[PDB]
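Just the one chain here, laid out as structure tokens, in the form deposited in one PDB entry.
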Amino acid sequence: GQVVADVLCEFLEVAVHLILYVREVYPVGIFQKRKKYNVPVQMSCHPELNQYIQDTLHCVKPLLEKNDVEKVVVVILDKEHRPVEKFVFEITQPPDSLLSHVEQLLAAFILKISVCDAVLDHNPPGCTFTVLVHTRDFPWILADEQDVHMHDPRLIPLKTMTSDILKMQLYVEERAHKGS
């Protein structure tokens, strides 16, 4: 419950940072190399961005603890507010060093994100992002059709894990026609 939520929030934070870097949602200049799960990552040093991500995940946490999250999705949006890429983490919490084990498995997802630009086309200039949470001060709103609908998605599998406390699949849906 709490263990899984903590591990996942910490992983999701690193993964969101890394997605924002490899998809060029923010300038490379704000990111610093760091190491997480024993693998190289890139983390934003900009305090407002970082606080945004943190606040988002702090809100997700209690839902994870109660196993109410089906998916967490990092959505990259073009200047027109059209979803062009979605990184979908589908999450299931199933019914001696389990943390070291699970972290080595999470490392695999990080590794796959870090190279996903090999399988995706460039994004258009001026993209932004949001996070969508699919359920089973920092106010959340129901998503609209605009935030979600993506015409002609191509699904690109990135990684799947199974463990005693967590099963998770990460895939990307890329809009087939980004436009530029």
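We call the rigid core whatever largest set of C-alpha positions still superposes within 1.5 Å between the two forms. One rule holds for the numbers: they count along the sequence shown, beginning at 1. Shifts are known only where both forms have a C-alpha.
Absent from the display: the form deposited in another entry. The rest refers to it.
Just one of the listed positions, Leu166, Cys9, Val25, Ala15, moves its Cα by at least 2 Å between this form and the one not shown when the rigid core is held fixed, and it is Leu166. If you fit the rigid core between this form and the one not shown, you'll see the Cα of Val102 move by 2 angstroms or more. Annotation for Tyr37: C-alpha shift of 2 angstroms or more between this form and the one not shown, rigid core superposed. Note: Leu8-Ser163 Cα separation is 3 Å or more longer in the other entry than here. Inter-residue distance, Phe11 to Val102 (Cα): reduced by at least 3 Å in the other entry versus the depicted form. Segments of 3 or more consecutive residues in which every C-alpha moves by 2 Å or more between this form and the one not shown, counting only residues present in both forms and fitting on the core, are 35-38, 96-106, 157-174.
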